[PDB]
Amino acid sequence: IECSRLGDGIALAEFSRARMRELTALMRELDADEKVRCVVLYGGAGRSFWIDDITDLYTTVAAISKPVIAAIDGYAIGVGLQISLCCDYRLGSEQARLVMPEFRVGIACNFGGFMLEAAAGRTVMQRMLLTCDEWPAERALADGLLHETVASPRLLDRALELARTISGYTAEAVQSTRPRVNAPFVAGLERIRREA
């Protein structure tokens, strides 16, 4: 996981288990750093995006004071999709596809189910878990699974342009809103750890 400060308060993190814990530590390093004001998680051009390790990562991404942007160019499946659901703004290319196929794979979907209900409501979460169908970018956008869609070439610069706009806001204002607005969400993730 190669992080790289591009200035203007932006931190671009270009992409398991060790990769989990590395990302959990990098998010805390970025949260403690005064110079950083916005994080961007990029899967790469066309590329894809125990209990305690996964919960620590989900709760970290959602609990840090700084906002996180997930730039999705291809597929975002299960755990990968779940990480993006901990981010404040999911920007997808018109080619992006979202899948939560846990039931078909034969595993429980407690994290996926909770996280999807938060971003898209019970109906969409239920449609996704029970059918295991793929959500194309435009359906994902309409359902609240994506905040915005762009053409694949524009994806990374639109993400950095938004990170810049966010970085240009009074740090205190943003950083005192984000952990408080995400407290109910983080609490819900914590209950899932215990029940499993």
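Note that residue numbering follows the sequence shown and begins at 1.
Gap between residue 185 and residue 186: none; every deposited residue in this span has coordinates. Going from residue 58 to residue 59, you skip over nothing: the modelled chain follows the deposited sequence without a break. Averaged over Cα atoms, the B-factor as recorded in the entry is higher for 1 to 9 than for the other of 185 to 193 and 1 to 9. Mean CA B-factor, 58 to 66 versus 126 to 134: the higher value falls on 58 to 66.
Within the group 47, 37, 147, 139, the record's highest C-alpha temperature factor is found at 37. The entry lists a Cα temperature factor for residue 161 that places it in the middle third of the chain's modelled residues.
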